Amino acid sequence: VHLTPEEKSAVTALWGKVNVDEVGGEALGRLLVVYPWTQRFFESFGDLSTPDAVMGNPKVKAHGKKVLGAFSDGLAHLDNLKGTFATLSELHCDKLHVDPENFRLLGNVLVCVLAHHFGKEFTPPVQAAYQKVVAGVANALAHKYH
């Protein structure tokens, strides 16, 4: 991605301050809460009936950190999200049947979680760079769909 270096530097720096555990559970929980139809893939997590039920859910929370974990590595390969997510791309496609529109929804949730977290520091320009990242990630993850 057409991340500019001041852009790439901007991403990297905030990212470094991220508690993946927490940001990953928060991101996945908020997705399930704001866009309830995304719950369709997580029936097995249990109870998602309420925002508290969702936010509290340990596996939502454990799947949130694993998803952010994977995201976090892609940030090492910004250069190449595509080859960095190819296998995850096929997986999401061939085994999980996840519509890639979900990746977009998670991306935007993530940006809201980061602003929430970093307030002040998650400036328009830093948001612009992350927007480009989350869009890049969604595209690399959707790339192997067929």
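Between two forms, the rigid core is defined as the largest C-alpha subset superposing within 1.5 Å. One rule holds for the numbers: they count along the sequence shown, beginning at 1.
- With each structure aligned by its rigid core, the stretch whose Cα atoms sit farther from this model in 5 other deposited structures of this protein, between 92-100 and 26-34, is 92-100.
- Higher mean CA B-factor, judged across 137-145 and 3-11 from the recorded values: 3-11.
- Averaged over their C-alpha atoms, the temperature factors of 102-110 and 62-70 are higher for 62-70.
- Of the candidates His92, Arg30, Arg40, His77, the one whose C-alpha carries the top B factor in the deposited record is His77.
- Of all the options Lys82, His97, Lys120, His116, the entry's greatest CA B-factor is assigned to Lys120.
- In this PDB entry, the Cα temperature factor of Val18 sits in the top third of its chain's modelled residues, the highest group.
- When the CA B factors of the chain's modelled residues are split into thirds, the value for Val34 lands in the lowest one.
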